[PDB]
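Starting off, we have a lone chain in the form deposited in one PDB entry, written out as structure tokens.
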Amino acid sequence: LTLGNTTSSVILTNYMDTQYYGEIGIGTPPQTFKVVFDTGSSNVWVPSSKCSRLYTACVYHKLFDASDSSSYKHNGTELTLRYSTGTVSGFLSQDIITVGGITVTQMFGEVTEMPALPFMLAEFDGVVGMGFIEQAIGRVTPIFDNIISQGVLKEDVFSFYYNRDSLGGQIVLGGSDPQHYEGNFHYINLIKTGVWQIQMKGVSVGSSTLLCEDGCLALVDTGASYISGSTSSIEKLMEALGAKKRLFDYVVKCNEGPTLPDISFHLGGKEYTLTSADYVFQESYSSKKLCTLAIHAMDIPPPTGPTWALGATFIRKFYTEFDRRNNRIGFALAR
């Protein structure tokens, strides 16, 4: 959302490209929802039964009806996600939320305002923010902190795994599964507490280190799917890649697709390489048809930005562990 000023006002709320949802149960009896698990936000929100604006998009989704839950306890505090036009607005509510067996008592957003567009075409109902209280609108206790206080987890950590193909993937709560990765975990300390953002010393194309020299920041957003990074950086990277802008995405000729170089992200002193097969959608091989890379622009303003953002495609190759206890992000080669 746009709102420069604060840390809980500049949140990458992508979802344009998001192929994976999870399920939560709110209330007594539970009311289920398809939710996007985003490490970029820290708020839990679902469409509310109290949403009524004809041009909103709540109509096309599952609504939370507080009246049908015995465990419901109201708050009423207004929360707003501001965009250029228009807004994602609602009010604060408290109820019993169940995620993968774990049951908690959560302060979530009952959304009464959703934009046009893009939400009608969203197959998911709401969002579950996996970030820290520093990014939470209204400073509300995020889902993970609430799970931590239950003392159910082995470790105060969670890890994301994106499957070989397509259930499609999974979030491991309380640790990281050894059947998901090979080798050892490389632990990178966070830049600042309150955001899943790490220091990056450089980005390489081919041989050959071109951009991100003299340092740069890199977010780890699970809600995202592509690799984000400032227009100027992506303009340099794409011109070196031999790709041209086709609007919202960058393309190459499907035949020259696998012939492309390798992108390398220097994180914590280690070489995080990404081959042509990882960042290119090879649906075709014809010299006439166009293949989407993406890797797209995305300009994030301060305090959050200027920053890069490593999405679901990075986590697909690199099994990521999110350590809330030790304030670090651990990467291991996925399998």
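What we label the rigid core is the largest C-alpha set whose atoms superpose within 1.5 Å from one form to the other. The first residue of the sequence shown is number 1, and the count goes up from there.
Keep in mind the form deposited in another entry is missing from the figure; the text below concerns it.
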property	result
Sole residue of 99, 140, 237, 81 shifting 2 angstroms or more in CA between this form and the one not shown, core aligned	81
Residue 17 C-alpha moves between this form and the one not shown by 2 Å or more, core aligned	yes
Post core alignment: residue 56 C-alpha displaced by 2 Å or more between this form and the one not shown	yes
In the other form, whether the C-alpha atoms of residue 330 and residue 6 sit closer or farther than here (change of 3 Å or more)	closer
Comparison of CA distance in the other form with shown form for residue 12, residue 23, at least 3 Å	closer
